[PDB]
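K.L.:
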Amino acid sequence: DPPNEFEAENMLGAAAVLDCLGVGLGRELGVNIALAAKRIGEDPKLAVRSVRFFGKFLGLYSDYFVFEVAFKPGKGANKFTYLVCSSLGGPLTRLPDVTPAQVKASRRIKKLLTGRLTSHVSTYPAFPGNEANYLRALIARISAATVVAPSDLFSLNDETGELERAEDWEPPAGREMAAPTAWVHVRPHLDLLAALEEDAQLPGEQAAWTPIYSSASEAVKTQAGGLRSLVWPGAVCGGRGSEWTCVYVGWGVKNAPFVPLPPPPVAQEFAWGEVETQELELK
Amino acid sequence: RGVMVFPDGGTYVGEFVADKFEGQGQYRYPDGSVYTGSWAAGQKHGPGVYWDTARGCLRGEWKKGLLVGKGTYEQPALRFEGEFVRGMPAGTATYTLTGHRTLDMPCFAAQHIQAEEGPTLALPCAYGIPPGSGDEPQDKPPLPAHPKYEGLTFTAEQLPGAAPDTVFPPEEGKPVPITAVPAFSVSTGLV
Amino acid sequence: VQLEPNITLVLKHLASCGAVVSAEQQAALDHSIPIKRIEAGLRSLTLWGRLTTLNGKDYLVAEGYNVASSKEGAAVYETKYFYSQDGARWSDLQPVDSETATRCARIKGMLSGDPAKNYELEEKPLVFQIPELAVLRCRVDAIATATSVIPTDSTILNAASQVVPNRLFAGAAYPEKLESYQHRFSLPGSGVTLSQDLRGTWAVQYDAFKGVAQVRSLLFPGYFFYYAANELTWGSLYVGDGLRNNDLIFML
Amino acid sequence: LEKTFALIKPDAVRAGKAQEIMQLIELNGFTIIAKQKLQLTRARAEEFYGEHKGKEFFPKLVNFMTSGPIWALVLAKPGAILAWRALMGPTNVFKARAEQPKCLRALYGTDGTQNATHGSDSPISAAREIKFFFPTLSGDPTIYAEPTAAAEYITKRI
Numbered sequence: 104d105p106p107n108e109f110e111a112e113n114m115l116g117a118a119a120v121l122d123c124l125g126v127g128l129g130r131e132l133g134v135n136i137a138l139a140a141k142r143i144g145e146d147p148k149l150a151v152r153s154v155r156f157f158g159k160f161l162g163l164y165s166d167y168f169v170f171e172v173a174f175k209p210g211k212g213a214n215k216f217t218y219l220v221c222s223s224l225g226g227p228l229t230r231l232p233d234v235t236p237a238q239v240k241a242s243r244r245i246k247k248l249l250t251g252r253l254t255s256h257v258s259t260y261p262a263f264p265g266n267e268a269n270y271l272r273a274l275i276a277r278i279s280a281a282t283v284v285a286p287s288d289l290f291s292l293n294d295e296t297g298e299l300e301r302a303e304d305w306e307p308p309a310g311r312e313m314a315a316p317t318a319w320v321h322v323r324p325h326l359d360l361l362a363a364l365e366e367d368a369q370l371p372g373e374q375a376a377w378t379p380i381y382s383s384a385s386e387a388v389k390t391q392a393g394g395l396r397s398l399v400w401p402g403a404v405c406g407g408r409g410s411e412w413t414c415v416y417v418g419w420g421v422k423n424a425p426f427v428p429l430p431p432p433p434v435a436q437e438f439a440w441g442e443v444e445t446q447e448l449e450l451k
Numbered sequence: 612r613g614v615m616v617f618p619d620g621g622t623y624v625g626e627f628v629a630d631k632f633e634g635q636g637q638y639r640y641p642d643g644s645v646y647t648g649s650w651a652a653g654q655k656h657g658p659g660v661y662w663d664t665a666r667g668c669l670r671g672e673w674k675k676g677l678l679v680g681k682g683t684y685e686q687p688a689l690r691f692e693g694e695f696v697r698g699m700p701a702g703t704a705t706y707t708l709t710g711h712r713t714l715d716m717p718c719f720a721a722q723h724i725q726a727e728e729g730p731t732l733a734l735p736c737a738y739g740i741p742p743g744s745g746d747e748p749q761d762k763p764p765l766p767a768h769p770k771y772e773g774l775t776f777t778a779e780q781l782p783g784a785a786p787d788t789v790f791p792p793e794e795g796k797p798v799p800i801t802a803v804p805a806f807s808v809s810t811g812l813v
Numbered sequence: 002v003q004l005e006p007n008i009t010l011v012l013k014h015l016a017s018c019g020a021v022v023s024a025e026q027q028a029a030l031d032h033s034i035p036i037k038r039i040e041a042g043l044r045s046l047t048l049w050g051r052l053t054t055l056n057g058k059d060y061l062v063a064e065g066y067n068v069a070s071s072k073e074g075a076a077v078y079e080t081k082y083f084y085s086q087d088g089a090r091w092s093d094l095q096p097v098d099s100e101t102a103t104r105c106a107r108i109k110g111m112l113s114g115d116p117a118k119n120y121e122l123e124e125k142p143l144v145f146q147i148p149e150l151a152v153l154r155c156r157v158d159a160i161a162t163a164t165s166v167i168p169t170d171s172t173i174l175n176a177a178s179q180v181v182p183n184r185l186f187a188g189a190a191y192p193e194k195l196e197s198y199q200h201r202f203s204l205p206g207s208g209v210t211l212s213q214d215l216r217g218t219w220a221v222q223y224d225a226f227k228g229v230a231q232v233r234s235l236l237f238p239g240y241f242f243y244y245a246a247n248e249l250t251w252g253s254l255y256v257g258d259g260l261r262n263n264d265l266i267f268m269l
Numbered sequence: 004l005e006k007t008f009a010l011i012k013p014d015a016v017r018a019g020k021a022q023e024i025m026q027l028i029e030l031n032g033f034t035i036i037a038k039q040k041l042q043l044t045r046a047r048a049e050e051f052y053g054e055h056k057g058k059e060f061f062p063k064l065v066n067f068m069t070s071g072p073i074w075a076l077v078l079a080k081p082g083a084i085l086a087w088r089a090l091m092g093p094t095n096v097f098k099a100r101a102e103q104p105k106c107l108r109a110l111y112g113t114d115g116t117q118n119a120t121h122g123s124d125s126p127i128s129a130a131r132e133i134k135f136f137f138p139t140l141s142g143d144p145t146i147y148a149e150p151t152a153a154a155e156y157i158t159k160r161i
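Chains as they are written, first to last, in the entry's author numbering: chain C, 104 to 175, 209 to 326, 359 to 451; chain F, 612 to 749, 761 to 813; chain A, 2 to 125, 142 to 269; chain K, 4 to 161.
1. Using a cut-off of 8 Å between C-beta atoms, extract the partners of F/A665 located in chain C.
2. Cα-Cα, which of A/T53, A/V62, A/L55 is closest to A/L46?
3. Which one of A/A220, A/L254, A/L112 has the shortest CA to CA distance from A/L55?
4. Counting only beta-carbon separations shorter than 8 Å, does A/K125 have a partner in chain K?
5. How many angstroms separate the CA atom of F/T801 from the CA atom of C/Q436?
6. In three-state DSSP terms, what is A/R38?
7. Whole angstroms is fine: what's the gap from C/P106's alpha carbon to F/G783's?
8. Closer than 9 Å, Cβ to any Cβ of chain K: which residues of the region 187-200 of chain A, in chain order?
9. Using a Cβ-Cβ cut-off of 8 Å, state whether C/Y164 counts as contacting chain F.
10. I'd like the span of the beta strand (DSSP E) that includes A/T162, first residue to last.
11. Using the beta-carbon of each residue, which ones in chain F are nearer than 7 Å to K/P104?
12. Spell out the partners DSSP gives F/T703 in its beta bridges.
13. Please classify C/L326 as buried or exposed, where buried requires at least 16 other C-beta atoms within 10 Å of its C-beta.
14. Hey, quick one: how far does the alpha helix (DSSP H) through K/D14 stretch, first residue to last?
15. With a threshold of 8 Å between beta-carbons, can F/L677 be considered close to chain A, or not?
16. Quick check on the DSSP output: the alpha helix (DSSP H) that includes F/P804 runs from which residue to which?
17. Is the shortest distance between the beta-carbon of C/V443 and the beta-carbons of chain F less than 8 Å?
18. Where does C/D166 land, buried or exposed, given buried means 16+ other C-beta within 10 angstroms?
19. For C/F160 and chain F, any beta-carbon pair shorter than 8 Å?
20. Indicate whether C/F109 and C/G144 have their beta-carbon atoms separated by less than 8 Å.
21. Could you tell me the distance, in whole angstroms, from the CA atom of K/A101 to the CA atom of K/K12?
22. Since F/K675 and F/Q654 are thought to touch, with beta carbons under 8 Å apart, how far apart are those beta carbons, to the nearest angstrom?
23. When burial is assigned at 16 or more other CB atoms within 10 Å of the CB, is K/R45 buried or exposed?
24. I'd like to check one pair, A/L254 with A/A29: are the Cβ atoms closer than 8 Å?
25. With C/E267 as the anchor, note down where its alpha helix (DSSP H) starts and where it stops.
26. Label A/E149 either buried or exposed according to how many other C-beta atoms from any shown protein chain fall within 10 Å of its C-beta, with 16 as the threshold for buried.
27. Using a Cβ-Cβ cut-off of less than 8 Å, list which residues of the region 257-268 of chain A approach chain F; keep chain order.
28. Any beta carbon from chain A within less than 8 Å of C/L231's own beta carbon?
29. For F/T707, tell me which candidate among F/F719, F/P700, F/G693 has the shortest Cα-Cα distance.
30. Ends of the beta strand (DSSP E) at F/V616?
31. Starting from C/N293, trace the beta strand (DSSP E) both ways and give me its first and last residue.
32. Would you report the Cα separation of residue 189 of chain K and K/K56, rounded to the nearest angstrom?
33. List, in order along the chain, the chain F residues whose C-beta lies closer than 7 Å to that of A/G206?
34. Could you tell me whether the Cβ atoms of K/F8 and K/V77 are closer together than 8 Å?
35. Among the candidates A/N263, A/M268, A/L235, whose CA atom is the shortest distance from the CA of F/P735?
36. Here's the rule I'm using: 16 or more other beta-carbon atoms within 10 Å means buried, otherwise exposed. How should A/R184 be labelled?
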């Protein structure tokens, strides 16, 4: 049967850019990931429009490779579908759709993934789903904050409500891509194309995105640039020349002061001023 | 002795003194939480057990309504023993947690497979409250309310250590006065 | 049986765990490590790790030593550390006093990336100024005394009571169990392995078909160790800001 | 020194737990003199349990002891016969799971016949099992070197 068509990014170029910046998963795994995304995108029984590689989540007994597809409820934070695997080339599994309840409930805990999807998550701060739902909530929260793109590459199409990849976009020098004023968000905040410079600063007037460079000398002429996330350690964006990419590799844990949930409040009683025994007059 | 029913749906079965609760009493709140304990002047006072809607029991010694002093809180694989200031935890505490998610997944060391001790930990820690608050009214920063707990801090900077395995529900709480409370151990997991 | 970890194999096996280095830094290391190893008179010198900074100039840290000896029931390695910010020129990473060790232990956050910076602490109000390289050395010391993983019975004691490679080492019988690995500073034949550590601070993933085990530290997330059993090689690397994970009881 | 004959049955082998069982055997001071992973036939599995030809559950067992590959082991320790059985624990998986929750059969057994192990019970039976499975290992030429029984064994050989 004829393989279906699909759009994607230059993934070998993404592996090259990440390797030049010193992040990601290397370049042998870059090849394996590109071939796996090919085997996904060219599948008849799965009519995919576009494939992307979200990143990798490290677990205790296994790991999660995560691909983000588009498939030719279906909007907001469920616009994309997510397929995960333990090893590249193994059988894939579609993650469920995310609900605001489990996003809000995972925002209160901090767990290590066990690498098994059919595992419990929490006892006291009750998480409504199993591990798969926690993973989906993590993916949603990370996508809302880290997936970005170079500025002026996309524009907001009013009527269709989508993004227009302009074809007169010129990248700056690689070492100028390491500024937070050179990237913008391309996922709804959970307005849209806001620069990374206007993020929530960390305690101490510290910017939430830190530069990464490809060479220690400012005189090399063709070098990459990029940013690394402070809030989500393991989330990196970076461009070299005309190519660029975002990815997340890590454990899934946020970088914020963690306060475990206190015991829940205790209920009060009825006001005594309105429930009191009456009496008749005295002699 | 008395039995009382309030227009919100809350009920009380216990002892009264001069038109208010006093002594032993069990109160059932509209939410489904049950407080079985000691009262004085129409409010919780003394040692009582409070099963909450989240199906977890909070013990301790209330004083003028609020849990004050050393208090323990329990859930299937959790236990928090710590100081409480005006119902809010503040000060020294100890968190005891068991790893329930991986009780049936294979162990990393062959020493644990046959060891008669479970995978429980124990961490000394402390909670923290804005300085001006915590006093008793008769400005100052406000206490940490429920949704946000704005101002509540938490500090732990030592290692955890091993601990004896926990069980749920704690026998200090039986007989259980609500429904849908699970049962946790290590030879059985969560039930 | 290897005689010393190979940085190429380390970077190849631990790349899936995100423990990677830049390409320029990789080439620069390939040149710079032998130079420094020779001009310092050391028998062994390897890449220990890479600590991320706020200005993008991560600290590469290298560790070397000459001989390890058994003293007071511990296999003591007289190690010497060097740091770098480009991979080409190595500077010394001098030890820190015990009194300053506590102060630098109190300093948290990601390092600045400016070796001339110094942080401030306040005590009873006496203010101390702690240089950044002191903080770096202290974090490296903590991570080192926590992990320093080697396989079990890969070392041995010789006639002069020194710890030398066991060249007749056959391999770990059960590579997926924590009993197969140990700390470096545990004497050979002492029976102390990683299973004696706090239960739950180590994770092991073993690919039984290719024969590659990966041991990850959960107490210091960022420390990775690999052991390849068909070729009998192993090696570790730290990559991260250097802070300990204190919330471990809530995350397991 | 005492040598006992052990066995890892197909249910433990299929679950991927023979390596864990051997590692625990050696964590408990034993020393595996010999190990082998074979597949027992029907007639040989009969002759192995040949003292139970009239037992009711005999076919139920013999059809299970051929359901896959097994691990035959020869263990050795000072006082090995009874220590091995103290390790395997009770024969009823549920009885064992009630009494010794950290026993071997209480961790890798499921049924009254799927217990995952089979030790010897008497030194006579242990020697017979070992000579049945490992006919190469020489067992106590000292004892069998009787100056009188040797002439009778010569009469047998002629």
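Where a beta carbon is used, it is the ideal one built from N, C-alpha and C, also for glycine.
P.N.:
According to the data block:
1. Looking up residue 665 of chain F in the second sequence gives position 54. In chain order: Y260, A262, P432.
2. Stepping through the third sequence from its first residue, residue 46 of chain A is reached at position 45. The residue with the shortest Cα to Cα distance from A/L46 is A/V62.
3. For the purposes of this step, residue 55 of chain A is identified with residue 54 of the third sequence, where counting begins at 1. When each option's Cα is compared against that of A/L55, the closest is A/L112.
4. In the third sequence, the residue the question calls residue 125 of chain A occupies position 124. Cβ-Cβ to chain K under 8 Å: no for A/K125.
5. In the second sequence, counting from the first residue as 1, residue 801 of chain F sits at position 179. In the first sequence, counting from the first residue as 1, residue 436 of chain C sits at position 268. Distance between the alpha carbons of F/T801 and C/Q436: 21 Å.
6. For the purposes of this step, residue 38 of chain A is identified with residue 37 of the third sequence, where counting begins at 1. Residue state, collapsed to three classes: helix.
7. Position 3 of the first sequence holds residue 106 of chain C. Position 161 of the second sequence holds residue 783 of chain F. Straight-line Cα distance between these residues: approximately 57 Å.
8. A190, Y191, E193, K194, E196
9. Here residue 164 of chain C refers to the residue found at position 61 of the first sequence. The beta-carbon of C/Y164 is placed less than 8 Å from the nearest beta-carbon of chain F.
10. Start at 1 with the first residue of the third sequence, and residue 162 of chain A comes out as number 145. Careful: A/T162 lies outside any beta strand (DSSP E), inside the alpha helix (DSSP H) at 149-163.
11. Locating residue 104 of chain K in the fourth sequence gives position 101, where the first residue counts as 1. Simply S809.
12. Numbered from 1 along the second sequence, position 92 holds the residue referred to as residue 703 of chain F. Partner(s): F/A737.
13. In the first sequence, counting from the first residue as 1, residue 326 of chain C sits at position 190. C/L326 is exposed by the Cβ-count criterion.
14. Start at 1 with the first residue of the fourth sequence, and residue 14 of chain K comes out as number 11. Unbroken alpha helix (DSSP H) run through K/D14: 13-17.
15. For this step, residue 677 of chain F is matched to residue 66 along the second sequence. Answer no: the Cβ-Cβ gap between F/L677 and chain A never drops below 8 Å.
16. Counted from its first residue, the second sequence places residue 804 of chain F at position 182. That residue, F/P804, is in no alpha helix (DSSP H); it is neither H nor E in DSSP.
17. Position 275 of the first sequence, counted from the first residue, corresponds to residue 443 of chain C. True, the Cβ-Cβ gap to chain F drops below 8 Å.
18. As a position in the first sequence, residue 166 of chain C is number 63, starting the count at 1. Residue burial is scored here from C-beta neighbours: C/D166 has at least 16 other C-beta atoms within 10 angstroms and is therefore classed as buried.
19. Start at 1 with the first residue of the first sequence, and residue 160 of chain C comes out as number 57. Output row for C/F160: interface = no.
20. By 1-based counting over the first sequence, the position of residue 109 of chain C is 6. By 1-based counting over the first sequence, the position of residue 144 of chain C is 41. Contact check for C/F109 against C/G144 passes: the beta carbons are separated by less than 8 Å.
21. By one-based count along the fourth sequence, residue 101 of chain K stands at place 98. By one-based count along the fourth sequence, residue 12 of chain K stands at place 9. Their backbone Cα atoms lie some 22 Å apart in a straight line.
22. Sequence index remark: in the second sequence, residue 675 of chain F carries index 64 (1-based). Sequence index remark: in the second sequence, residue 654 of chain F carries index 43 (1-based). Contact holds; Cβ gap of about 6 Å.
23. Counted from its first residue, the fourth sequence places residue 45 of chain K at position 42. Exposed, since its Cβ has fewer than 16 Cβ neighbours within 10 Å.
24. Here the question's residue 29 of chain A lines up with position 28 in the third sequence. Here the question's residue 254 of chain A lines up with position 237 in the third sequence. Contact: no.
25. Position 131 of the first sequence, counted from the first residue, corresponds to residue 267 of chain C. 267-282 is the extent of the alpha helix (DSSP H) around C/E267.
26. Taking the third sequence and counting its residues from 1, the one referred to as residue 149 of chain A is at position 132. It is buried - the Cβ of A/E149 has at least 16 other Cβ atoms within 10 Å.
27. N263, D264, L265, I266, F267
28. Translated into the one-based positions of the first sequence, residue 231 of chain C becomes position 95. Answer no: the Cβ-Cβ gap between C/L231 and chain A never drops below 8 Å.
29. Taking the second sequence and counting its residues from 1, the one referred to as residue 707 of chain F is at position 96. It is F/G693.
30. Reading the second sequence from its first residue, position 5 is the one you call residue 616 of chain F. From DSSP, the beta strand (DSSP E) with F/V616 extends over 613-616.
31. In the first sequence, counting from the first residue as 1, residue 293 of chain C sits at position 157. First-last of the beta strand (DSSP E) with C/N293: 290-293.
32. Since the displayed chain K opens at 4 and closes at 161, residue 189 of chain K lies outside it and no answer follows.
33. Taking the third sequence and counting its residues from 1, one reaches residue 206 of chain A at position 189. The contacting residues do not exist; A/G206 stays about 18 Å from chain F at best.
34. Locating residue 8 of chain K in the fourth sequence gives position 5, counting from the first residue. Locating residue 77 of chain K in the fourth sequence gives position 74, counting from the first residue. Contact flag set, yes.
35. Counting from 1 along the second sequence, the entry for residue 735 of chain F is found at position 124. The shortest C-alpha to C-alpha distance from F/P735 to any of A/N263, A/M268, A/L235 is the one to A/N263.
36. Translated into positions along the third sequence, residue 184 of chain A becomes position 167. Burial call: exposed.
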